[PDB]
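Chain A is the first sequence line, chain B the second, and so forth, proteins listed ahead of strands; every chain is numbered from 1. What's counted below: heavy atoms across the whole structure, side chains too, no hydrogens, waters or symmetry copies.
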Amino acid sequence: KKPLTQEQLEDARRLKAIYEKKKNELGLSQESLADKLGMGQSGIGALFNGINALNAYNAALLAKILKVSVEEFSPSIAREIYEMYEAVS
Amino acid sequence: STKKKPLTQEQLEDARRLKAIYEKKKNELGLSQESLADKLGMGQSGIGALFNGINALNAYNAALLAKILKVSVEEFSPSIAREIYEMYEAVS
DNA sequence: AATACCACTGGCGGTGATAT
DNA sequence: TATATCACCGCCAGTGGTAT
């Protein structure tokens with residue numbers, strides 16, 4: 001698969017690190033998160049591990065489950081989500 | 001590969017509301033489907049497919065087109081506007 | 001367990017030409 | 001023209017099976 005960009009790989013590392021810090025307090029695993037995003041565990045592993053790119057919807061759903069802001073792992077997707085909101089206001 | 005899914009009733013109605021706005025506003029704003037395609041970085045058949053309900057709007061596209069046509073997304077697509085506000089709830 | 005690896009495919013979001 | 005509607009398909013996110 002084409003490598004993702006270094007910024008995209010950094011967002012995936014910040015995202016997975018939050019999951020490792022919060023997984024026991026929030027009672028999570030890759031398969032339960034898979035279920036909440038209606039996806040499979042290997043679909044989640046690919047996002048956590050910088051194999052498949054994060055998009056604005058997946059990131060927004062993961063930020064909600066993990067109780068963090070999107071900007072905590074992806075400043076650029078958070079930038080994007082804010083631009084689109086300028087169009088609904 | 002070949003596959004394309006048919007749009008839903010809702011996606012067709014959004015498309016139909018977006019083309020209407022464009023027709024109501026194109027020369028007051030000085031727009032054609034190829035100026036718009038250029039604005040959006042694609043060709044006139046790309047825009048053609050969106051206005052004519054062949055390809056479905058996504059949130060990024062719907063937000064660029066809203067800004068350019070100076071409407072809010074909800075004027076042609078409440079469900080994408082609701083989807084965009086649900087994403088915003090995660091950055092605020 | 002819980003997660004990672006790997007080959008694979010559906011459909012997203014287009015393209016250019018041509019017909020109207 | 002300006003638009004609509006062909007035929008066409010690259011690409012990669014997500015899969016599901018299996019291994020660690």
Please work out which residues in residues 65-82 of chain A have a non-hydrogen atom less than 4.0 Å from an atom of DNA chain C and list them by number. none
Any idea which heavy atoms bring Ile65(A) and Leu28(A) closest together, and the distance? CG2-CD2, 4.1 Å
Anything under 30° is parallel, anything over 60° is perpendicular, the rest tilted; go ahead and classify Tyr85(B) against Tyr85(A). tilted
What does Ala46(A) touch in the nucleic acid at a heavy-atom separation under 4.0 angstrom: a base, only the sugar-phosphate, or nothing? nothing
Does the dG14(C) base have a donor-acceptor partner in the side chain of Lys4(B) within less than 3.5 Å? yes
List every contact pair, protein side and nucleotides 4-7 of chain C side both N or O, where the distance is under 3.5 Å.
residue	atom	partner	partner atom	Å
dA4(C)	OP1	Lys16(A)	NZ	3.3
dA4(C)	OP2	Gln30(A)	NE2	3.0
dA4(C)	OP2	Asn49(A)	ND2	3.0
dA4(C)	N7	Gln41(A)	NE2	3.2
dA4(C)	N6	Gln41(A)	OE1	2.9

Could you check whether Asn55(A) gets within reach of a base, just the sugar-phosphate, or nothing at all, counting any heavy atom under 4.0 Å? nothing
Assign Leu50(B) to base, sugar-phosphate, or nothing according to its heavy-atom contacts below 4.0 angstrom with the strands shown. nothing
Nearest-Å distance, CG (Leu54(A)) to P (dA13(D))? 10 Å
Closest to the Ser29(A) side chain: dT3(C), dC9(D), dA2(D)? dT3(C)
Before accepting this row, confirm whether a basic side-chain N of the pair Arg17(B)/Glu13(B) lies closer than 4.0 Å to the acidic partner's carboxylate O. yes
Under the convention that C1'-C2'-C3'-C4' above zero is north and below zero is south, what is the pucker of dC8(C)? north
Torsion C1'-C2'-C3'-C4' of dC12(C), interpreted as north if positive, south if negative: south
Can you tell which of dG10(C), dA13(D), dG14(C) lies closest to the side chain of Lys3(B)? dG10(C)
Do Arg82(B) and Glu86(B) sit within salt-bridge range, that is, some charged N less than 4.0 Å from a carboxylate O? yes
Quick one: is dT3(D) close enough that its OP1 or OP2 comes under 4.0 Å of any side-chain N or O from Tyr22(B)? yes
Please report the distance, rounded to the nearest Å, between CG in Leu18(B) and P in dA4(D). 12 Å
Can you tell me the distance, in whole Å, between the CD atom of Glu31(A) and the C1' atom of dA1(C)? 13 Å
Any chain of hydrophobic side-chain contacts (each under 4.5 Å) joining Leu12(B) to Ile21(B)? no
With a 4.5 Å heavy-atom cut-off, do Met87(B) and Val70(A) have their side chains touching? no
Is it the case that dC11(D) (base atoms only) and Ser1(B) (side chain only) share a donor and an acceptor within less than 3.5 Å, ignoring hydrogens and angles? yes
Phosphate contact (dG11(C) OP1 or OP2) by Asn55(B) side-chain N/O below 4.0 Å: no
Closest listed nucleotide, where the reference is the side chain of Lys26(B) and the choices are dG14(C), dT3(D), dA13(D): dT3(D)
Establish, from distance only, whether the side-chain atoms of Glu71(A) and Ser69(A) form a donor-acceptor pair under 3.5 Å. yes
Whole-Å distance separating the CZ atom of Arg16(B) from the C1' atom of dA4(D): 16 Å
Just by the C1'-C2'-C3'-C4' torsion, is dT15(C) north or south? north
Pick north or south for the sugar of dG11(C); the rule is positive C1'-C2'-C3'-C4' for north, negative for south. south
Establish whether the base of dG10(C) is bridged to the side chain of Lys5(B) by a donor-acceptor pair shorter than 3.5 Å. no
Length of the line joining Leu7(B):CG and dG11(C):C1', which is rounded to integer Å: 12 Å
